[PDB]
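Novice: Partial complex here, more coming in a sec:
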Amino acid sequence: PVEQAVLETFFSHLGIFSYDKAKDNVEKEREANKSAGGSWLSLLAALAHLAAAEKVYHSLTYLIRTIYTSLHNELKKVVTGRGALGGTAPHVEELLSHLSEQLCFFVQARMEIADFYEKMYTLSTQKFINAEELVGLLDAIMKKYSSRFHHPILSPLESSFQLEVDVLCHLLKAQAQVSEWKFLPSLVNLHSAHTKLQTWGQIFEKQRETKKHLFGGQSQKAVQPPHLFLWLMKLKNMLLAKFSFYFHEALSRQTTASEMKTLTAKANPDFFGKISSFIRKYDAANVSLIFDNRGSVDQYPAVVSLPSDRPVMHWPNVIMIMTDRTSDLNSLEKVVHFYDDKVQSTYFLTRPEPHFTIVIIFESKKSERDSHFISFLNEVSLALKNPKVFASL
């Protein structure tokens, strides 16, 4: 049937992020079929509204509920509008009703995803973000919306949805896995997220190639990816950089120092390089990122140590500083400064994570008013927590 072909073309255009082309095609079909059944016109209008809503969601400018509710209401009216006065085939009417039900389910799923994105944007301002709760909510939403729009007509839309949503899940567990000092599942989740991003980029490049073919040989602007895709890529890069910073020793043990440094320099941000530069400039005796293994001296081992192995002599001093300043470290924003006259050592401790502590120890008397070390620690903590990516998402 002509209606099925038009719907398939519109869905294919939507799956390639060509919302404008799909909307134009739907409007042209509705205008050319003004004498057709009312159900077909309602379906075309609902498809145009859904394409506009999908474009808005991809732009991520709503950070949408009203548009999704209107689209769902239109789809429900189309499904319940079993008007035989339009002359359409009964099989075509049943297919249209099934498509309307699938579109309503997809609209509800999109509204849930937008609500989750708004919640993430709101929680971006929090000092600490609970990745486990977000991952659980995403898994519950995916299970609720699982196989809700598995129609072949909605094939490219659903494939465009889950491959994104799961990608977000691939980030979320990673954000938990990095928090729990789990290297293997964090790496697996990062690889899955990178694969999903590459899959989305394949469709983006296909759309760009189609646009270039339609526009001829002119130097047309490349089809930029939507804000959601850019935010996901930035979050994946930040998570990979954080994992490289936390798992620097494991990666460096399998290669040479120069190769490890070159690999770390590619990660944005390169925490290891910045730490090394700060140590060289400030002549810091040691910089240690230690993960708390309690509940999972040995209880707080130095996961990362620069520029050498963790000083055993400064271990009990750091332990005492952490124990005495537990309340200050729990705020995850304050930096604790301690001075030991017996060893003449200056220690600056920060807690960017509830299970991770960054300690800079210098074999000299350093005043607590030295804003350079405090600013460096605050910047490192902000990079580790990564609230800027979620804020800009």
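Specialist: Sure thing, it's come through. Residues are numbered from 1 along each chain as shown, chains lettered A, B, ... in the order given.
Novice: Helices along the stretch 1-150 of chain A, start to end?
Specialist: A:2-15, A:19-32, A:38-59, A:65-80, A:90-123, A:131-144 (DSSP state H, counting those that start in this stretch).
Novice: other SSEs contacting the last one?
Specialist: Secondary structure elements in contact with helix A:131-144, counted by 3 or more C-beta pairs under 8 Å, 6 or more residues apart in numbering; DSSP states H and E, are helix A:90-123, helix A:155-179. To be clear about C-beta, it is placed using only N, CA and C from the backbone, and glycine gets the same treatment.
Novice: okay, the ones you listed, which one's buried deepest?
Specialist: Stretch with highest mean neighbour count among the helices and strands packed on helix A:131-144: helix A:155-179 (a mean of 21; mean count of other C-beta atoms under 10 Å).
Novice: tilt between that helix and helix A:131-144?
Specialist: Going by axes from the mean of the first three to the mean of the last three C-alpha atoms, to 10 degrees, helix A:155-179 is angled at 160 degrees with respect to helix A:131-144.
Novice: and the angle from helix A:155-179 to helix A:38-59?
Specialist: Interaxial angle of helix A:155-179 relative to helix A:38-59 (the same axes, to 10 degrees): 30 degrees.
Novice: next structured bit after helix A:155-179?
Specialist: Using DSSP states H and E, the helix or strand that follows helix A:155-179 towards the C-terminus is helix A:183-215.
Novice: That next one vs helix A:131-144, what angle?
Specialist: Orientation check (the same axes, to 10 degrees): helix A:183-215 against helix A:131-144 gives 60 degrees.
Novice: Which positions in helix A:183-215 come out as buried?
Specialist: Residues A:186-187, A:189-190, A:192-194, A:196-197, A:200, A:203-204, A:207-208, A:211 are the ones in helix A:183-215 that count as buried (16 or more other C-beta atoms under 10 Å).
Novice: and the longest strand anywhere in chain A, what does it pack onto?
Specialist: When chain A is parsed with DSSP state E, its longest strand is strand A:345-353. Strand A:345-353 is packed against helix A:315-324, helix A:326-330, strand A:335-340, strand A:356-362, helix A:371-385, with contacts defined by 3+ C-beta pairs under 8 Å, 6+ apart.
Novice: Count the neighbours of residue A:263 for me.
Specialist: Residues lying near residue A:263 (other C-beta atoms under 10 Å) number 16.
Novice: could you redo the helices and strands packed on helix A:131-144 as JSON lines and give each row distance to residue A:147?
Specialist: Shown next, in JSON lines, are the helices and strands packed on helix A:131-144 (distance: least, C-beta to C-beta, whole Å):
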{"stretch": "helix A:90-123", "distance to residue A:147": "10"}
{"stretch": "helix A:155-179", "distance to residue A:147": "9"}
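Novice: now for the ones you listed, which one comes closest to residue A:262?
Specialist: Closest to residue A:262 of the helices and strands packed on helix A:131-144, according to C-beta to C-beta: helix A:155-179, at 22.4 Å.
Novice: onto the same structure, chain B please:
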Amino acid sequence: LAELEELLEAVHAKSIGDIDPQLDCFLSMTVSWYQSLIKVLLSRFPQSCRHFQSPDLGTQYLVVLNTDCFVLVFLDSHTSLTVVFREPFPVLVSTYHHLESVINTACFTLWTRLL
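Specialist: If we add chain B to the chains shown above, we get the following:
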């Protein structure tokens, strides 16, 4: 290759996913990932790794001998990860230790592709 195929028919092999579900993700690894893992295993343990390939290189078999138990990685370019035991699977620590080294090698290869 023919002798290894004939010997595999009279031996007991169990997939990696059967022992631990967390390794099932390795069953979905790509052919390129399998080849990279095989190369990494050959480089790490050249003395204990045996490589058999078809004349057209369509089928490649990598066995990391421990000697009654070994880990066999089979890849068909035109993939599988199972532990081969001469006798039936026991209802032991050395076999687990051998699997741990292979798991670390597979984990190391996966981490390399992410950077």
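Novice: let's see the neighbour count of residue A:263 again after adding chain B.
Specialist: By other C-beta atoms under 10 Å in any protein chain shown, the residues close to residue A:263 number 18.
Novice: ok so, going back, the longest strand of chain A pairs with which strands, and in what direction?
Specialist: Here strand A:345-353 is paired, per DSSP bridges, with strand A:335-340 (antiparallel), strand A:356-362 (antiparallel).
Novice: For that strand, which outside residues touch it?
Specialist: Contacting residues not belonging to strand A:345-353 are listed as A:128, A:179, A:285, A:314, A:317-318, A:321-322, A:325, A:329-332, A:334-340, A:357-366, A:373-374, A:377-378, A:380-382, A:384-385 [C-beta atoms under 8 Å, 6 or more residues apart in numbering or on different chains].
Novice: List just the one of the strands paired with strand A:345-353 that sits closest to residue A:302.
Specialist: With C-beta to C-beta as the criterion, residue A:302 lies closest to strand A:356-362 of the strands paired with strand A:345-353, at 8.4 Å.
Novice: tell me the angle of the closest one relative to helix A:315-324?
Specialist: Interaxial angle of strand A:356-362 relative to helix A:315-324 (the same axes, to 10 degrees): 130 degrees.
Novice: Next up, the contacts around residue A:84.
Specialist: Contact partners of residue A:84, counting by C-beta under 8 Å, 6+ apart, are A:90, A:93.
Novice: again but with residue B:108, I slipped
Specialist: A:254, B:40.
Novice: Residue B:3 versus the residue lying farthest from the centre of chain A, what's the distance?
Specialist: Using C-alpha atoms, centre = their mean, the residue of chain A lying farthest from its centre is residue A:85. It sits 48.5 Å away. Relative to residue B:3, residue A:85 is positioned 77 Å away (C-beta to C-beta, to the nearest Å).
Novice: cool, residue B:97 as well?
Specialist: As judged by C-beta to C-beta, residue B:97 and residue B:3 stand 27 Å apart.
Novice: same thing with residue B:90?
Specialist: For residue B:90, the distance to residue B:3 equals 25 Å [C-beta to C-beta].
Novice: How about residue A:20?
Specialist: In terms of C-beta to C-beta, residue A:20 sits 63 Å off from residue B:3.
Novice: out of the two, which sits in the more crowded spot?
Specialist: Set residue A:20 next to residue B:3 and count neighbours by other C-beta under 10 Å: residue A:20 wins out with 12 against 8.
Novice: can you list the residues of chain B near chain A?
Specialist: Contact residues (C-beta under 8 Å from any C-beta of the partner chain) of chain B with chain A: B:25, B:107-108, B:110-111, B:113-115.
Novice: make it 6 Å
Specialist: Neighbours of chain A within chain B, by C-beta under 6 Å from any C-beta of the partner chain: B:25, B:107, B:110-111, B:114-115.
Novice: State the number of residues packed around residue 18.
Specialist: I went with chain A, as the question did not name one. Neighbours around residue A:18, by other C-beta under 10 Å: 20.
Novice: nope, chain B please
Specialist: Neighbours of residue B:18 using other C-beta under 10 Å come to 13.
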